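I have placed the structure first, in the form of structure tokens, so that the comments after it can refer back to it.
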Amino acid sequence: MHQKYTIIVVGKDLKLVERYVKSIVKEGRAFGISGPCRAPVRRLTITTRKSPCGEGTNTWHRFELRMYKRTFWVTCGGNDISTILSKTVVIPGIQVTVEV
Amino acid sequence: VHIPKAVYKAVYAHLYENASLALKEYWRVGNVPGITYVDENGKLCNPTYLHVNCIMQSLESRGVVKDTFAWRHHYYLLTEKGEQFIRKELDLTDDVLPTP
Amino acid sequence: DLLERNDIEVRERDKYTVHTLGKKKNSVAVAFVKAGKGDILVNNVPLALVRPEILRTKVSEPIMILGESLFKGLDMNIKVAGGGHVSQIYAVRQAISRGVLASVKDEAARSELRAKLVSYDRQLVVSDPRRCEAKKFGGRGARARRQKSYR
Amino acid sequence: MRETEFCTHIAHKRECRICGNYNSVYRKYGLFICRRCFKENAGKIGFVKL
Amino acid sequence: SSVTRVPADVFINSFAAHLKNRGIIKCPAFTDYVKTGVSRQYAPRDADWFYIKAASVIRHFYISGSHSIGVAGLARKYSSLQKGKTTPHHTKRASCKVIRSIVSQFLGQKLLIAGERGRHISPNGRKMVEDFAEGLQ
Amino acid sequence: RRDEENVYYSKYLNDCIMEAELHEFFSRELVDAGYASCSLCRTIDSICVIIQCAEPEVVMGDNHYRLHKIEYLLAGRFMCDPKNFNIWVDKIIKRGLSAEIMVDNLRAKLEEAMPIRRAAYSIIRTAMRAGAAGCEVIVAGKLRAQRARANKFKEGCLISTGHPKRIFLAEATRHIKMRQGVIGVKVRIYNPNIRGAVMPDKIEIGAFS
RNA sequence: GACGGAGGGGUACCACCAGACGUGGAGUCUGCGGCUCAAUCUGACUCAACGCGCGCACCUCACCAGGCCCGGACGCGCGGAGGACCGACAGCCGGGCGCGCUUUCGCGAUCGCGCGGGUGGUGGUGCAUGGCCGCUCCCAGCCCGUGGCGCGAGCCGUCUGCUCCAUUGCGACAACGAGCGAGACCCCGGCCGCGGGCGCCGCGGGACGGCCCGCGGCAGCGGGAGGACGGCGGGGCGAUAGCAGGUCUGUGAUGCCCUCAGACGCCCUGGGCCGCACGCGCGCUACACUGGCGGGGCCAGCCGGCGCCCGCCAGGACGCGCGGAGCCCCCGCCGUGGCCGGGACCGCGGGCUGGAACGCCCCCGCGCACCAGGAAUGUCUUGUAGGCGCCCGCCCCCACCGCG
């Protein structure tokens, strides 16, 4: 009924994580979902010398994999929160995890 | 080394039941997981990393298993000739089936 | 520490109708302005007195220009986060210049004052476009490269 | 015996998850990945050039 | 406010005098040998440095108010560059022992009350520090 | 204020590193499948694996047993959830448009002694039959000489640079191993008409009104 | 085609103007040569070798001085249960190891023995190679279908006219249509909406040489603006044709030879790579008053937590949910002296990470040259150079280094 649930949505692609957010908002009308919270992107950054061998000007390959997390808090019964999650559209490579 | 029959049986029991085995590096991490042989007075143990590697290499040579190596990990897959080998080793009937 | 989640939370509402922002190279002046006595506090410290001396006259520079009596009757709780000592003073000045104008109301006389001030000190109502550039792999700076050992 | 001496721990053994090379293992994040092997598999992980 | 109205530098020097004349703080006198932290190379020659340091530390406790400050944290405020090596200078916070000693006396003189994590200025102390600033200016 | 430990993305990173090993294994093991792309559903610990490959009939349909054997291998190799770790196999349409299925056939054809010129041209034709606007092949290495030689065969127009190519070009590299030693097959296929994205340069004007 | 000390256009702080800030000169720090060595593992030599191949107590690790054992699989013949295989108390010898031995006590088919054949090897050759990557090239060039021209090699389109930052355009032209590269694109800004706020984070606008004044077949350009923003903010991607560029020491990458049981397998120990008569490359700190030194304020971003007490610090114990630079500014001291410039070795001492210093840290001594670097050359145009700190990488500990 009123038991708070903290949910986290993590995705490599901003658009793919956005799809889950738009789906959660639509299916959150029924169980009163909170507005989404978009976390500062935490980025795994690897700058590597591109050359396998040192020969050549030292050159740097900048690789970034920023991870986007969205925060959802619903004071609703567990069956209701499971109903939002199963019903909301799911895209592969998107992670949703629930903490009580 | 004189590999225990208990170790040997657990490798083949995991292989007959799950139809798939794997191995990492020599350095032990509590020994090889997925293989829980018991000495008669011994507590549930894990075969030494070296022990599983020698038998499975011999079993690949016999024709018991087929292997693909990815990310320094073994990926054994059961062969039908191997089903006869493991079934004879476990003195099992053909009606007995692996989890597939 | 610039652009914090709550723009101004030490003081909330409390007659603070006028709101303005002055930007200066990572210096954000979140200005909370109300129609008060006519004295102002920046980061909870009096506008007239700031720790750097040379910079104190610059901080009071927009005040005298857009009518000190006009500024009288306005109290401010401007907070500057981020930036640096020089960057902070310029961003408070930009917020102060904009802060009097919005409250005054847009009419011919306000417009005349705005023109007089922006002519006297340029880029006072316009945030500095320049933002620190990024070092590349060539050397230690955005433009500078390492010494060429063999030409 | 050889048993009692083989691989007595002397140091941490760290190798790329993909290539098993000790040099340039990389521990910046959870990725214990070879610096040379990283570039080849960066795309499957999804690390991308700016 | 009012603490800000007094030039803080003016308040700190006077507060060291207020501490000496009113007997507050009491300089340890074991402070003679210590230099103000690892960075300093020549050691304090002011000879009223513990009274001078004490005056600002209590003013800092007032400036934070409810925020709550710690002995290592105050040392970060007093940090200076360390020089004298071929390697380039890097900032070095001050030694904990002198700062910890200053906070201890204030709790005894009711200028400090322990809060969550670090200690914070006591209500009796809050009035005394603020009263001096207005009185001085 | 919030704590910064946030082990949420750490979990997400072991999921993405795991997808990479899965690919490494799928690519070597499923040569017949011409495996191309993998992922994990990973929903509340249910590791469904989405794999899009040209043909699952070789690995699945054998009583579905071989697919099951792979699922058990992956759960057991990743020491994770058994029964939750299903693999969902699919079939890829327009295998000529896909680079991986054409490169996997090229490596087999070349190893089977099919002539280099014809073999690259057979692949070139598949993209043209599929209608793909441009396919190239750059086999390189000890090609019929003690010294290294590179044989590039190409048909049609292929873009080479810019951001578009990342999302409009298909690249696949295989290492063939003839008696001489390592050779490097390559396939690059460019289609302006792929999914819902337009090559940025072309403004489309079609009618008077 | 390559080239010219041939001409004509252009063009770029990897070019010069006009300047800056420098190096080279001194200590130091890292790499290289030379050499010394038991071992100093190497690779790389103009640009395009030389703090490079992401931090050497051990490990790494390829090298040495000694040792340990199979991790010779799977198959054919042959031997083998009182034993095929296969450890061991004490004493010995030996850092050490039932390593060997004296010795007498086990093991339990998990095998021996030859062979057919494996298997590994940071061994070689990047002049057998894949892959990647350097470089030509921070280049604007590269090609096609048909037709024209020549016996052909080859030309024409692909321009001896004009504009670009640009084969960027235009008006042409035995060519006429296409492409690829450049653009476009994409990330990150600086301004404006709305949506969102467990964290100022999610989608849109705006800016176009559009407007003005010119000069212009044109293409544009030269000013003037208005406007956060101006005509190329900054980066990512980066054609074609190549190079005997570099890596077999990243790669169940890899040809082929060598090594293969006293192994080039793999471990265990201790030292090596850091040894210095030397020459050199990249950096750092200096050579002081525009400066040090003693206090007082206090301002950051990448993106990141702390309290308590003990100690001169260093550090540690105790606890827990969180936090932040220099420069600069204000007052003092020195008073042009290698001085209160500067901090080099060494004499101790107290500590840390550590199985272990041979690493680092701090304190108390000490007080090295250098008083502005010869011939030479390098980098560099707005938030730019430089000054000034912080983060992160490899990291047991450590950076003067690189990514920022």
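Ordered as shown in the structure tokens, chains take letters A, B, and onward, while each chain numbers its residues from 1 and ligands are numbered from 1 in the order shown.
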
- Item | Within 10 Å of range 38-46 of chain C using only C-alpha atoms (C1' of nucleotides), minus same-chain residues under 6 positions, as a list in words |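 My list of contacting residues is residues 10, 29, 30, 31, 32, 68, 69, 70, 71, 72, 73, 74, 75, 76, 77, 78, 79, 80, 81, 89, 92 and 96 of chain C; 1, 2, 3, 4, 5, 6 and 7 of chain E.
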
- Task: Give me every strand (DSSP E) residue in range 44-161 of chain F, going by DSSP on the backbone, as a PyMOL selection string.
- Result: chain F and resi 49-53+87-91+135-141+149-155

Prev. selection, N, CA and C atoms, output as a CSV table (one decimal), in the first residue's frame:
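This went into selection-v3.csv:
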```csv
chain,number,residue,atom,x,y,z
F,49,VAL,N,19.4,-14.9,-22.9
F,49,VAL,CA,20.4,-14.2,-23.8
F,49,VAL,C,19.8,-14.0,-25.2
F,50,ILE,N,19.7,-12.7,-25.6
F,50,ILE,CA,19.2,-12.5,-27.0
F,50,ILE,C,20.3,-12.7,-28.0
F,51,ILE,N,20.3,-13.7,-28.8
F,51,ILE,CA,21.3,-13.8,-29.9
F,51,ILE,C,20.7,-13.8,-31.3
F,52,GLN,N,21.1,-12.9,-32.1
F,52,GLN,CA,20.6,-12.8,-33.5
F,52,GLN,C,21.7,-13.4,-34.4
F,53,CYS,N,21.4,-14.6,-35.0
F,53,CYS,CA,22.5,-15.3,-35.8
F,53,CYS,C,21.8,-15.8,-37.1
F,87,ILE,N,19.1,-19.3,-23.5
F,87,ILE,CA,19.6,-18.5,-24.6
F,87,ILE,C,18.5,-18.5,-25.6
F,88,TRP,N,18.0,-17.3,-26.0
F,88,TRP,CA,17.0,-17.2,-27.1
F,88,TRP,C,17.6,-17.0,-28.5
F,89,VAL,N,17.6,-18.0,-29.3
F,89,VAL,CA,18.3,-18.0,-30.6
F,89,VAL,C,17.3,-17.4,-31.6
F,90,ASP,N,17.8,-16.7,-32.6
F,90,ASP,CA,16.9,-16.2,-33.6
F,90,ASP,C,17.6,-16.4,-35.0
F,91,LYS,N,16.9,-16.0,-36.1
F,91,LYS,CA,17.5,-16.1,-37.4
F,91,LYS,C,17.6,-14.7,-38.1
F,135,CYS,N,29.6,-3.0,-51.5
F,135,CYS,CA,30.3,-4.0,-50.6
F,135,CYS,C,31.8,-4.1,-51.0
F,136,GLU,N,32.7,-4.2,-50.1
F,136,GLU,CA,34.1,-4.4,-50.5
F,136,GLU,C,34.8,-5.5,-49.8
F,137,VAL,N,35.8,-6.1,-50.3
F,137,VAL,CA,36.6,-7.2,-49.6
F,137,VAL,C,38.1,-7.0,-49.8
F,138,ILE,N,38.8,-7.0,-48.7
F,138,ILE,CA,40.3,-6.7,-48.8
F,138,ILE,C,41.1,-7.9,-48.2
F,139,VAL,N,41.0,-9.0,-48.9
F,139,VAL,CA,41.9,-10.1,-48.4
F,139,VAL,C,43.3,-9.6,-48.5
F,140,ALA,N,44.1,-9.8,-47.4
F,140,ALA,CA,45.5,-9.3,-47.4
F,140,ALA,C,46.4,-10.4,-46.8
F,141,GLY,N,47.7,-10.5,-47.2
F,141,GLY,CA,48.6,-11.4,-46.6
F,141,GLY,C,49.4,-12.2,-47.7
F,149,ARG,N,50.8,-9.6,-50.2
F,149,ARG,CA,50.1,-8.8,-51.2
F,149,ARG,C,48.7,-8.5,-50.7
F,150,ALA,N,48.1,-7.5,-51.2
F,150,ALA,CA,46.7,-7.2,-50.7
F,150,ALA,C,45.8,-7.2,-52.0
F,151,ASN,N,44.7,-7.9,-51.9
F,151,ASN,CA,43.8,-8.0,-53.1
F,151,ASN,C,42.4,-7.4,-52.7
F,152,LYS,N,42.1,-6.2,-53.1
F,152,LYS,CA,40.9,-5.5,-52.8
F,152,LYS,C,39.9,-5.7,-53.9
F,153,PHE,N,38.8,-6.3,-53.7
F,153,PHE,CA,37.7,-6.4,-54.7
F,153,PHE,C,36.5,-5.6,-54.2
F,154,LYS,N,36.0,-4.7,-55.1
F,154,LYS,CA,34.9,-3.9,-54.6
F,154,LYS,C,33.8,-3.6,-55.7
F,155,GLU,N,32.6,-3.5,-55.4
F,155,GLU,CA,31.5,-3.2,-56.4
F,155,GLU,C,30.6,-2.1,-55.7
```

- Got a sec: who's within 8 Å of range 47-57 of chain B, counting only C-alpha atoms (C1' of nucleotides), leaving out chain neighbours fewer than 2 positions off, as a VMD selection string? (chain B and resid 1 3 7 to 8 11 23 25 to 28 31 to 32 35 to 37 45 59 to 61 65) or (chain G and resid 73)

Quick one: contact table of chain B to chain F, 10 Å max, nearest atom pair and distance in Å to one decimal per residue, counting only C-alpha atoms, chain and number order, as a tab-separated table?
```
residue	atom	partner	partner_atom	distance
B:14	CA	F:76	CA	9.8
B:15	CA	F:69	CA	9.8
B:17	CA	F:72	CA	9.6
B:18	CA	F:72	CA	5.9
B:19	CA	F:69	CA	5.4
B:20	CA	F:73	CA	4.9
B:21	CA	F:73	CA	6.3
B:22	CA	F:77	CA	5.7
B:23	CA	F:77	CA	7.9
B:24	CA	F:77	CA	9.2
B:33	CA	F:79	CA	8.1
B:34	CA	F:76	CA	7.3
B:67	CA	F:29	CA	8.9
B:68	CA	F:29	CA	6.4
B:69	CA	F:25	CA	7.5
B:70	CA	F:25	CA	5.5
B:71	CA	F:21	CA	6.7
B:73	CA	F:77	CA	8.3
B:74	CA	F:77	CA	8.7
B:75	CA	F:73	CA	7.0
B:76	CA	F:73	CA	7.8
B:77	CA	F:69	CA	6.9
B:78	CA	F:69	CA	7.8
B:98	CA	F:65	CA	9.4
B:99	CA	F:68	CA	8.2
B:100	CA	F:65	CA	5.2
```

- All helix (DSSP H, G or I) positions in chain D, as a list in words: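 Assigned to helix (DSSP H, G or I), within chain D: residues 2, 3, 4, 5, 35, 36, 37, 38, 39, 40, 41, 42, 43, 44 and 45 of chain D.
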